[PDB]
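A quick write-up on the structure given underneath.
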Amino acid sequence: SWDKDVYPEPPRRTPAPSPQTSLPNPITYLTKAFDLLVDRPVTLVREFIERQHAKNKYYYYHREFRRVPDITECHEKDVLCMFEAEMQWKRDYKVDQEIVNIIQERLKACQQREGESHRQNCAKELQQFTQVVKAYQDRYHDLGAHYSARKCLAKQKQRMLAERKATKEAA
Amino acid sequence: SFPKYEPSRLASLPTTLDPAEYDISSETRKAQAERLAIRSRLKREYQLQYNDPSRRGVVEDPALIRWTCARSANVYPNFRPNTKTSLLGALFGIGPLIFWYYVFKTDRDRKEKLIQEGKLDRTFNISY
Amino acid sequence: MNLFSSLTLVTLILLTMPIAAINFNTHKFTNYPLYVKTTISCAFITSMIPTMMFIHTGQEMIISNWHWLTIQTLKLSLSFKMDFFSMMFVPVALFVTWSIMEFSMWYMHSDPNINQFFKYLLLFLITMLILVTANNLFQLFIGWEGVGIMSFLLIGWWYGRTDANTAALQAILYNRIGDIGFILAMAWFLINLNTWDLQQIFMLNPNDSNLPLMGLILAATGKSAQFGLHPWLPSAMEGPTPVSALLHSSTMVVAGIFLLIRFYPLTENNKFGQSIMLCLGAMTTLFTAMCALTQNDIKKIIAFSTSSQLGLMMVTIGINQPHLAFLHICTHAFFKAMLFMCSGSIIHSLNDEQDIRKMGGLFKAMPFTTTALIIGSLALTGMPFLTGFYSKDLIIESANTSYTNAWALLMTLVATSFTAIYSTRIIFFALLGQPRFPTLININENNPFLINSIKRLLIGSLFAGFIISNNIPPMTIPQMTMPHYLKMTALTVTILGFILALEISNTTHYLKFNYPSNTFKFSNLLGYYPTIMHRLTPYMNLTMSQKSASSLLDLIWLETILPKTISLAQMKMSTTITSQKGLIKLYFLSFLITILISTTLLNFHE
Amino acid sequence: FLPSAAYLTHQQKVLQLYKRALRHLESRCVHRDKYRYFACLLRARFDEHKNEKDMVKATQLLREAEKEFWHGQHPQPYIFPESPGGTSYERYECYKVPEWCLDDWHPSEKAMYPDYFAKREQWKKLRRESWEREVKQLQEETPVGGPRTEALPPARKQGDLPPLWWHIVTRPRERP
Amino acid sequence: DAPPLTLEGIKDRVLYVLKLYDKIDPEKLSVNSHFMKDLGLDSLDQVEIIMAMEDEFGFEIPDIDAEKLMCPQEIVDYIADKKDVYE
Amino acid sequence: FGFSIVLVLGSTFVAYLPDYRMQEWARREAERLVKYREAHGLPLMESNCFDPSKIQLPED
Amino acid sequence: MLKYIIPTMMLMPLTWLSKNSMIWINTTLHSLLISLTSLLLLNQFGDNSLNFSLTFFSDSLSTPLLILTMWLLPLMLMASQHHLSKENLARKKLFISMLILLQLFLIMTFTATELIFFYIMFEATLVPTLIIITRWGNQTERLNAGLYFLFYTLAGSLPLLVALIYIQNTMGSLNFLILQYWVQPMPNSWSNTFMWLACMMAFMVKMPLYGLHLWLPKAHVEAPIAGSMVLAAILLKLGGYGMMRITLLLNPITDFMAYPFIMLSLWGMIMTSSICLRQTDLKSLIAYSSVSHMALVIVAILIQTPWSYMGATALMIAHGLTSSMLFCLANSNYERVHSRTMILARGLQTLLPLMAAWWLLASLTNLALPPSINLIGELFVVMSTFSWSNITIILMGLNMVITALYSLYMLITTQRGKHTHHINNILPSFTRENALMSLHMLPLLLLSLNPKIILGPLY
């Protein structure tokens with residue numbers, strides 16, 4: 001399963017079709033035949049397989065980590081500090097890429113659910129998409145292929161120093 | 001009623017209207033006869049090397065081997081660097097290279113100046 | 001929803017089992033054509049159902065699974081959808097190709113390589129179906145190059161025949177220019193919108209849409225046989241006949257403009273884009289219309305005809321009316337599949353003489369194929385309520401009632417007159433005149449599969465145009481308010497074209513033998529474009545390949561600059577050093593001048 | 001560029017002109033009856049000055065005839081579907097598998113076809129037995145050091161097969 | 001295409017469409033007769049004859065051969081060679 | 001020993017294995033972290049990945 | 001990694017003290033077992049690389065290339081009979097042991113922790129290939145080919161050693177982590193520019209780029225099939241591997257100084273794809289094809305995008321497989337007819353009915369067929385270079401058009417239309433050649449199903 005609050009779904013809206021005239025309705029007979037020829041046997045097969053699964057019990061756990069301190073607390077060379085620092089940063093980088101993947105899947109799903117009126121009830125998700133992706137464009141973008149962690153902190157210092165000069169001019 | 005059929009390097013002059021075929025020297029008759037003799041001797045040698053029931057492999061065409069070794073290995077001799085060869089070499093080898101190098105310098109200087117000003121459409125330009 | 005998704009996926013999955021049949025064969029079949037025909041019939045009869053559910057309810061959907069290389073901020077899966085176009089197109093293609101399976105049981109019966117032929121043609125259907133179902137743009141690219149290379153193979157079916165593999169090489173060359181256009185569009189979409197996904201791209205509306213739409217125009221005019229890159233189409237006709245039928249009636253030629261029909265929310269804007277669209281469409285329409293006149297082969301006439309129809313569809317995209325263009329795709333597909341199949345019936349019945357000279361008397365030589373040709377070449381023009389009325393005449397009505405380029409209107413008008421007159425001339429020289437074809441005749445249609453296929457497609461091109469074109473939700477505003485002489489003008493132009501072609505026919509009845517006046521040449525030699533470009537650009541590139549690349553730059557200059565100068569320097573220095581005759585006075589004078597040159601000239605004790 | 005001679009003839013050149021112009025008039029002129037009229041007009045135009053006793057006037061009229069023909073040719077002439085450039089032109093070159101092969105089969109497939117392989121064995125014995133002395137003596141007996149033609153002589157001495165017959169007899173059927 | 005052909009059919013059809021021609025006669029027309037030598041028609045009309053056989057049987061024969069047919073027996077023989085008329 | 005034990009067993013081995021280059025772990029960790037950061041007010045992926053409390057700029 | 005080093009040693013006396021007509025079976029069987037055991041390596045996960053010592057360690061760039069080497073060994077060791085099956089037992093054993101020793105130095109080179117060790121095993125790979133191509137070159141300019149190979153690859157590769165010693169004694173050790181985690185930017189002086197030009201120019205020689213590419217085609221048309229396939233696939237993709245590793249240093253000056261190499265690579269990619277359109281000598285077309293695709297690889301390495309490095313390693317592996325297979329089909333046709341030319345060996349659709357499928361499928365994997373790995377590599381290189389500049393995609397697509405043109409001309413020239421009907425010696429296709437074709441193609445399609453392996457460090 002999945003949380004309904006990270007992959008959100010609006011509530012369902014489904015009409016009840018009122019037939020004006022009486023031919024009637026080939027697809028209703030065909031979907032009842034579909035139910036009787038497909039829906040029952042696959043349900044019986046899945047129920048058998050689920051009983052065979054629930055005879056025994058496996059479990060897999062989620063791997064979790066700790067917070068090794070910083071790269072801002074590591075010294076000149078000290079390779080057994082920078083190692084834990086940059087692996088912690090690289091795992092943050094992977095999980096942040098997947099944050100961007102989740103938001104972009106939400107944008108795709110808002111496109112396909114809301115139909116031929118795109119701009120109704122997709123303003124909020126496009127807003128948060130441009131927000132998180134503006135953060136990504138600011139934070140990880142223009143460093144290249146040989147990122148380790150140190151070019152990211154150099155970009156951090158250079159950007160906040162440039163904005164410090166900008167707000168000094170704005171003072 | 002004729003536009004005289006000017007030829008070109010791609011529209012070949014056909015065998016009908018030469019019109020040098022219609023005023024004939026006797027030496028051209030001798031030339032056509034000896035050319036027929038050459039092709040007849042070549043076909044005779046080929047057909048005798050062609051219908052042997054004992055022969056198994058290929059016929060070893062010497063003109064094809066001669067053309068191949070003329071085209072691959074025998075280009076480098078003969079050669080001398082002439083004014084024409086040096087001119088055409090430095091034209092086809094360096095000219096377009098330095099042209100595309102100038103246009104890449106121009107485009108990259110425009111792009112880096114424009115993003116130093118920052119007025120590009122990189123509102124989201126993620127997959128760089 | 002269970003039924004809808006499950007039946008679309010089994011319509012895709014039934015076209016994998018005969019490939020398993022040939023791969024796991026090991027004991028060679030005989031009824032493999034029967035197997036492929038009945039599985040295509042089953043695929044159509046399961047593809048009718050979710051379209052019926054689509055019109056009955058609505059309910060569009062996408063499916064997307066099995067993601068591979070979910071690397072950066074993007075991710076790509078096998079992701080395909082069914083919307084209005086994406087499942088209103090599929091039963092038409094399956095129906096057309098099932099009739100071509102009938103006709104290719106018949107026509108290719110006497111060639112013992114039939115199993116590999118149906119393998120290739122089924123695989124071609126699979127690839128074009130993958131092209132018309134996908135929304136992931138990379139999967140569209142997969143279907144693109146796959147139908148390009150199956151087009152290569154099916155054009156070059158008859159090995160031998162240097163015309164055929166020349167044709168196939170030209171077709172694959174113009175398809176790679178379609179590829180450079182399409183990858184330029186793909187690059188712009190990746191770099192400016194983080195993906196190639198039609199949902200997100202349509203979710204935004206990027207306003208600087210110049211570079212991608214130029215790439216789309218280049219890809220469409222490469223794939224859809226249009227001006228600049230058009231002349232591969234009669235050359236593509238030079239292969240087998242059901243090959244040409246499937247390859248240029250329904251599939252493989254609409255895939256250029258089907259991309260532009262897909263990208264309608266991005267080409268809503270950009271007036272420059274629509275201007276390029278309809279200028280290119282009008283240019284193709286007049287050019288292949290005038291080029292279709294004075295052509296004396298059947299298949300080249302039909303190729304120029306379908307190029308003119310794709311020209312009208314590019315006009316239909318230039319005016320903001322994509323759904324009419326899709327309706328024209330469907331009706332056009334039925335129609336020219338039926339026309340190709342009828343001409344292939346005649347050509348195999350008449351010992352493959354294949355040309356319009358020496359073709360004449362065929363009416364009452366059993367007139368089933370003449371009925372097929374008169375229904376067809378009637379339906380090509382605007383006949384007031386037949387299948388060819390709806391699409392083409394709504395196209396010219398919506399083209400006339402719009403803010404158009406004012407010359408493209410005249411081009412489409414004149415080329416409608418031209419398609420009237422070559423339709424009349426193909427009827428007159430194919431069916432009507434005095435019989436000019438050699439004796440010992442065995443004209444034969446007492447034949448089950450031929451009459452079943454022609455029967456099925458005439459029943460198609462009489463009713464299914466109306467059946468398709470009526471029960472669809474109106475996705476645009478129909479114009480419906482025209483003056484006089486703007487609605488009548490379609491029938492007016494087709495009737496004046498019929499009068500013009502019939503008087504040209506009655507002048508052909510005369511005997512005068514007029515000399516040509518070079519417009520006859522300009523319309524007769526395929527235009528001067530194929531001869532001029534195919535003698536220049538193979539000569540220019542390879543003349544600069546022998547001189548510059550082959551002999552000049554790599555071999556002779558690079559082998560002089562890096563090996564030769566170094567090796568000659570080493571050779572000359574060695575022949576100056578070691579060339580010493582053995583006199584001792586020279587060696588000790590060298591020692592003495594070395595001692596002096598180390599003491600007083602270049603100091604070593606200081 | 002012909003096997004038997006070096007130059008065609010004068011008459012042969014006029015005759016090829018007549019066949020090419022008559023074929024292009026076929027292709028130009030449909031309905032076959034106005035064709036027949038124009039073909040008899042062309043035949044009369046050749047008849048009007050056929051009996052001129054000069055020779056330089058003959059080549060004069062021939063040269064101007066090629067000019068006024070190449071003015072009035074047809075762009076796509078109706079060539080038959082076996083000629084070069086035609087519609088088929090070795091359509092069925094797919095299936096012309098030559099008969100130096102078919103000896104490289106497995107002997108079970110050779111056990112499927114007994115009689116044809118036995119008769120191929122006797123034809124191959126007929127090839128090998130009558131190759132050396134007869135054919136090579138007739139090819140190195142009658143010619144001069146220069147052959148000067150490409151017509152090769154028949155075998156009329158006493159007995160057996162003509163020289164150099166194998167890859168001319170055993171060619172494929174051209175409609176397999 | 002499924003035609004059957006034999007030597008009888010090609011012989012009778014070639015002799016038929018030579019019999020139908022105008023300025024010769026079916027009275028003295030054997031299978032073995034020359035064109036210039038005894039029928040007495042000119043070489044121009046002999047190439048018209050060759051054009052008739054080409055337009056009937058549906059395939060070109062070259063002028064490297066069309067110099068030297070001259071008699072309907074060799075015509076029947078040559079077209080039977082080109083079509084390979086046996087089973 | 002080139003197909004029946006190499007190719008097919010290699011296909012089963014690299015068909016599925018532990019999650020190569022930590023992909024599905026990244027999926028599940030991102031699901032948990034987006035659920036957390038949406039349930040606690042703050043915007044998901046706050047910028048400035050290094051805390052500006054823990055930075056010292058050179059002065060001017 | 002020692003568990004892969006030591007059975008490669010132990011597979012060498014196998015070949016000596018196996019008896020006559022039994023060296024073959026034992027070497028093929030045991031090298032295929034080594035290939036399975038090699039495929040068991042693929043463990044590499046997430047954060048770090050994996051360390052198989054302070055001596056051996058594997059990045060995820062090195063894993064598919066290592067499996068490619070230990071997979072291309074048995075394929076070659078079967079590929080190299082019928083042109084030395086009549087030779088002596090001692091010379092045969094010497095050839096097979098030379099291939100085993102070349103595999104050993106290639107594994108040494110791909111799991112090289114230190115760049116000094118990488119250089120030593122780089123030219124240790126260089127050593128046996130000269131002996132192989134010179135002793136079994138089967139043509140008259142094999143001396144010229146091996147000698148140009150030697151002096152080009154040394155005289156380019158040699159000041160790289162001086163630059164590596166200078167980095168060794170100015171920044172401590174040369175483990176890739178401590179070369180990493182410590183690397184400081186090197187500003188726009190001139191000595192830094194010459195150090196960059198030494199290292200990058202050594203690998204420029206090895207790839208090759210256009211001004212240094214006549215190195216290659218003599219060493220392929222004048223060489224046996226074993227030296228040809230190992231030379232092309234493993235040596236050029238090893239050069240690319242080395243440039244990928246050493247480009248982590250010298251970060252700022254590559255923007256200043258890396259424009260003319262991009263230029264020479266692009267324009268020479270176009271000129272090389274043009275020169276392999278009109279040549280004879282069927283073997284040479286694949287050689288200049290390899291020059292074109294590795295010029296594309298060089299453009300991909302010198303621009304420094306993660307998309308570019310993923311596309312680079314995918315293009316490396318796919319082109320290695322495709323060019324090695326296509327060399328092998330060229331040798332198959334040369335064993336059919338002793339020609340080496342192209343316009344002679346015509347026909348071959350009628351005869352040899354199954355070989356058409358392998359020619360077509362190899363030509364389509366060279367065509368950049370879209371689900372294949374070759375188009376994945378070329379597509380990501382095109383994406384990255386259009387991010388580099390908006391104008392250079394014209395050269396990429398023009399390369400694409402000409403590449404499809406010459407590859408499909410190479411298909412429809414040799415194997416389309418009419419046998420020359422004077423050949424009459426070609427036998428039907430053996431099971432060996434088709435086994436080799438199936439060993440080439442089927443890993444490429446099975447990687448086309450799941451390409452998460454071959455994408456490199458920046459997955």
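Chain labels A, B, ... are given in the sequence in which chains occur in the structure tokens; within each chain residues are numbered consecutively from 1, and ligands are likewise numbered from 1 in the order shown.
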
Contacts of region 45-50 of chain F at 7 Å (only C-alpha atoms; same-chain gap of 5+ positions) as a list in words: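 So, after excluding close chain neighbours, the residues are residues 132, 135, 139 and 156 of chain A.
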
Contact residues (chain G, partner chain C, 6 Å, only C-alpha atoms) as number ranges by chain: G: 275, 370, 383, 397, 401, 417, 452, 459

Export, as a PDB file, in the first residue's frame, the selected residues with N, CA, C and O atoms.
```
ATOM      1  N   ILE G 275      34.680   9.638 -44.764  1.00  0.00           N
ATOM      2  CA  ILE G 275      35.693   8.841 -45.457  1.00  0.00           C
ATOM      3  C   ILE G 275      35.323   7.361 -45.442  1.00  0.00           C
ATOM      4  O   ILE G 275      35.672   6.624 -46.370  1.00  0.00           O
ATOM      5  N   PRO G 370      16.572   2.086 -31.814  1.00  0.00           N
ATOM      6  CA  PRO G 370      16.199   2.931 -30.657  1.00  0.00           C
ATOM      7  C   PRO G 370      16.084   2.227 -29.306  1.00  0.00           C
ATOM      8  O   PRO G 370      16.426   2.864 -28.300  1.00  0.00           O
ATOM      9  N   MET G 383      21.938  15.164 -26.005  1.00  0.00           N
ATOM     10  CA  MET G 383      21.281  16.010 -25.005  1.00  0.00           C
ATOM     11  C   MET G 383      22.287  16.888 -24.273  1.00  0.00           C
ATOM     12  O   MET G 383      22.082  18.102 -24.114  1.00  0.00           O
ATOM     13  N   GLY G 397      23.470  15.435 -35.666  1.00  0.00           N
ATOM     14  CA  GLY G 397      22.513  14.811 -36.557  1.00  0.00           C
ATOM     15  C   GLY G 397      23.067  14.529 -37.941  1.00  0.00           C
ATOM     16  O   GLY G 397      22.617  13.597 -38.616  1.00  0.00           O
ATOM     17  N   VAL G 401      22.985  10.957 -39.796  1.00  0.00           N
ATOM     18  CA  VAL G 401      22.562  10.668 -41.168  1.00  0.00           C
ATOM     19  C   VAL G 401      23.648   9.907 -41.920  1.00  0.00           C
ATOM     20  O   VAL G 401      23.382   8.866 -42.537  1.00  0.00           O
ATOM     21  N   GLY G 417      21.973  -8.627 -53.800  1.00  0.00           N
ATOM     22  CA  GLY G 417      21.581  -8.423 -55.181  1.00  0.00           C
ATOM     23  C   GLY G 417      21.978  -9.400 -56.271  1.00  0.00           C
ATOM     24  O   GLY G 417      21.108  -9.776 -57.061  1.00  0.00           O
ATOM     25  N   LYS G 452      20.227  -0.526 -16.435  1.00  0.00           N
ATOM     26  CA  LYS G 452      20.686   0.098 -15.199  1.00  0.00           C
ATOM     27  C   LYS G 452      22.066  -0.384 -14.773  1.00  0.00           C
ATOM     28  O   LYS G 452      22.666   0.226 -13.885  1.00  0.00           O
ATOM     29  N   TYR G 459      24.704   7.353 -11.810  1.00  0.00           N
ATOM     30  CA  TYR G 459      23.394   6.744 -11.997  1.00  0.00           C
ATOM     31  C   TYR G 459      22.370   7.403 -11.084  1.00  0.00           C
ATOM     32  O   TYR G 459      22.726   7.991 -10.066  1.00  0.00           O
TER      33      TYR G 459
END
```

Proximal residues of chain B relative to chain C (only C-alpha atoms; 6 Å) as a list in words: residues 76, 125, 126 and 127 of chain B

Interface residues on chain C facing chain E, 12 Å, only C-alpha atoms, written as number ranges by chain: C: 106-111, 345-353, 358, 436-444

Helix (DSSP H, G or I) per DSSP on the backbone: members of region 333-475 of chain C, as a PyMOL selection string: chain C and resi 333-349+368-379+387-400+408-432+448-470

Interface list for chain D, partner chain C, 7 Å threshold, only C-alpha atoms, as a ChimeraX atom specification: /D:27,30-31,34,72,75,78,81,89-91,93-94

Could you name the residues that touch residue 331 (chain G) at 12 Å or less, counting only C-alpha atoms, but leaving out those on the same chain fewer than 2 positions away, as a tab-separated table (two decimals) with N, CA, C and O atoms, in the first residue's frame?
```tsv
chain	number	residue	atom	x	y	z
G	79	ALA	N	37.02	-17.65	-31.33
G	79	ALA	CA	37.00	-16.95	-32.61
G	79	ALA	C	38.27	-17.14	-33.43
G	79	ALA	O	38.25	-16.91	-34.64
G	80	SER	N	39.36	-17.57	-32.81
G	80	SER	CA	40.67	-17.51	-33.43
G	80	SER	C	41.20	-18.89	-33.81
G	80	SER	O	42.37	-19.20	-33.58
G	81	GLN	N	40.36	-19.75	-34.36
G	81	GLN	CA	40.85	-20.88	-35.13
G	81	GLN	C	40.45	-20.71	-36.58
G	81	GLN	O	39.96	-19.66	-36.99
G	82	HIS	N	40.77	-21.75	-37.36
G	82	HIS	CA	40.56	-21.93	-38.80
G	82	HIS	C	41.50	-21.04	-39.63
G	82	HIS	O	41.61	-21.21	-40.84
G	83	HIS	N	42.23	-20.14	-38.98
G	83	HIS	CA	43.35	-19.47	-39.61
G	83	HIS	C	44.64	-19.73	-38.85
G	83	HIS	O	45.69	-19.21	-39.24
G	220	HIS	N	44.05	-2.52	-37.81
G	220	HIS	CA	42.88	-3.37	-37.91
G	220	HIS	C	42.79	-4.13	-39.22
G	220	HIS	O	42.40	-5.30	-39.23
G	221	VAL	N	43.16	-3.51	-40.35
G	221	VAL	CA	43.12	-4.25	-41.61
G	221	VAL	C	44.33	-5.14	-41.80
G	221	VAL	O	44.33	-5.98	-42.71
G	222	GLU	N	45.37	-4.99	-40.98
G	222	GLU	CA	46.60	-5.75	-41.13
G	222	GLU	C	46.90	-6.54	-39.86
G	222	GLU	O	48.04	-6.62	-39.40
G	223	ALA	N	45.86	-7.15	-39.29
G	223	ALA	CA	45.92	-7.79	-37.99
G	223	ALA	C	44.97	-8.98	-37.99
G	223	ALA	O	44.01	-8.99	-38.77
G	224	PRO	N	45.21	-9.99	-37.16
G	224	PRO	CA	44.24	-11.08	-37.04
G	224	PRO	C	43.02	-10.64	-36.25
G	224	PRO	O	42.97	-9.55	-35.68
G	225	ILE	N	42.02	-11.53	-36.21
G	225	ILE	CA	40.72	-11.19	-35.64
G	225	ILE	C	40.80	-11.01	-34.12
G	225	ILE	O	40.09	-10.17	-33.55
G	226	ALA	N	41.70	-11.74	-33.46
G	226	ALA	CA	41.83	-11.64	-32.01
G	226	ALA	C	42.41	-10.29	-31.61
G	226	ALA	O	41.83	-9.58	-30.77
G	228	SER	N	42.46	-7.67	-33.48
G	228	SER	CA	41.54	-6.63	-33.95
G	228	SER	C	40.43	-6.37	-32.94
G	228	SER	O	40.20	-5.21	-32.55
G	229	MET	N	39.75	-7.43	-32.49
G	229	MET	CA	38.62	-7.23	-31.60
G	229	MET	C	39.06	-6.75	-30.22
G	229	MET	O	38.46	-5.81	-29.67
G	281	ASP	N	37.93	-2.25	-49.05
G	281	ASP	CA	38.59	-2.90	-47.91
G	281	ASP	C	37.68	-2.93	-46.69
G	281	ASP	O	37.86	-2.18	-45.72
G	282	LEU	N	36.65	-3.78	-46.80
G	282	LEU	CA	35.54	-3.99	-45.87
G	282	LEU	C	35.88	-3.92	-44.39
G	282	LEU	O	35.09	-3.42	-43.59
G	283	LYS	N	37.07	-4.42	-44.02
G	283	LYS	CA	37.55	-4.32	-42.64
G	283	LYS	C	37.70	-2.87	-42.19
G	283	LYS	O	37.42	-2.54	-41.04
G	284	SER	N	38.12	-1.98	-43.10
G	284	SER	CA	38.46	-0.61	-42.72
G	284	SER	C	37.25	0.24	-42.39
G	284	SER	O	37.39	1.25	-41.68
G	286	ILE	N	34.67	-0.53	-40.49
G	286	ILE	CA	34.39	-0.63	-39.07
G	286	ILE	C	35.46	0.10	-38.27
G	286	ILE	O	35.17	0.67	-37.21
G	324	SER	N	33.16	-5.15	-32.30
G	324	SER	CA	33.81	-6.45	-32.22
G	324	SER	C	33.07	-7.50	-33.04
G	324	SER	O	33.69	-8.27	-33.79
G	325	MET	N	31.74	-7.53	-32.92
G	325	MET	CA	30.94	-8.45	-33.72
G	325	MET	C	31.10	-8.20	-35.21
G	325	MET	O	31.25	-9.15	-35.99
G	326	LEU	N	31.14	-6.93	-35.61
G	326	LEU	CA	31.16	-6.62	-37.02
G	326	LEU	C	32.53	-6.91	-37.64
G	326	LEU	O	32.60	-7.36	-38.79
G	327	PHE	N	33.60	-6.74	-36.85
G	327	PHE	CA	34.90	-7.31	-37.20
G	327	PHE	C	34.82	-8.82	-37.40
G	327	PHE	O	35.45	-9.36	-38.31
G	328	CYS	N	34.06	-9.51	-36.55
G	328	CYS	CA	34.02	-10.96	-36.66
G	328	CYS	C	33.25	-11.42	-37.91
G	328	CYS	O	33.63	-12.41	-38.54
G	329	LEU	N	32.20	-10.69	-38.29
G	329	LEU	CA	31.51	-11.02	-39.54
G	329	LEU	C	32.39	-10.73	-40.74
G	329	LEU	O	32.34	-11.46	-41.74
G	333	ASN	N	33.46	-13.45	-43.67
G	333	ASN	CA	33.40	-13.30	-45.12
G	333	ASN	C	34.78	-13.41	-45.76
G	333	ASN	O	34.91	-13.92	-46.88
G	334	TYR	N	35.83	-12.98	-45.06
G	334	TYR	CA	37.19	-13.14	-45.58
G	334	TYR	C	37.63	-14.60	-45.57
G	334	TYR	O	38.43	-15.01	-46.42
G	335	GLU	N	37.15	-15.39	-44.62
G	335	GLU	CA	37.45	-16.82	-44.67
G	335	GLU	C	36.64	-17.50	-45.76
G	335	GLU	O	37.07	-18.54	-46.29
G	336	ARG	N	35.48	-16.95	-46.11
G	336	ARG	CA	34.74	-17.48	-47.26
G	336	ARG	C	35.48	-17.20	-48.56
G	336	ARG	O	35.70	-18.12	-49.36
G	337	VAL	N	35.88	-15.96	-48.80
G	337	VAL	CA	36.62	-15.60	-50.01
G	337	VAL	C	37.86	-14.80	-49.63
G	337	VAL	O	37.77	-13.80	-48.91
G	338	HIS	N	39.01	-15.23	-50.14
G	338	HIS	CA	40.30	-14.61	-49.79
G	338	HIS	C	40.47	-13.30	-50.56
G	338	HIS	O	41.29	-13.18	-51.48
G	339	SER	N	39.67	-12.31	-50.18
G	339	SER	CA	39.59	-11.07	-50.95
G	339	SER	C	40.05	-9.84	-50.18
G	339	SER	O	40.91	-9.11	-50.67
G	340	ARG	N	39.42	-9.57	-49.02
G	340	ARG	CA	39.49	-8.38	-48.16
G	340	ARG	C	38.78	-7.18	-48.81
G	340	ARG	O	38.49	-6.18	-48.14
G	341	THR	N	38.39	-7.29	-50.07
G	341	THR	CA	37.76	-6.18	-50.77
G	341	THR	C	36.26	-6.18	-50.47
G	341	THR	O	35.77	-6.93	-49.63
G	433	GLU	N	30.57	-20.05	-36.26
G	433	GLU	CA	30.40	-18.63	-36.55
G	433	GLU	C	29.07	-18.11	-36.01
G	433	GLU	O	29.01	-17.02	-35.44
G	436	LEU	N	29.28	-17.71	-32.32
G	436	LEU	CA	29.94	-16.44	-32.01
G	436	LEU	C	29.00	-15.25	-32.17
G	436	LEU	O	29.02	-14.31	-31.36
```

At most 9 Å to chain B: residues in chain G, only C-alpha atoms, as JSON, numbers by chain: {"G": [259, 260, 263, 264, 267, 279, 280, 281, 305, 306, 307, 337, 338, 339, 341, 343, 344, 383, 384, 387, 388, 389, 390, 391, 392, 422, 423, 424, 425, 426]}

Within 8 Å of region 99-110 of chain D using only C-alpha atoms, minus same-chain residues under 4 positions, as a list in words: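 Residues meeting the cut-off are residues 114, 117, 170 and 171 of chain D; 424, 427 and 428 of chain G.
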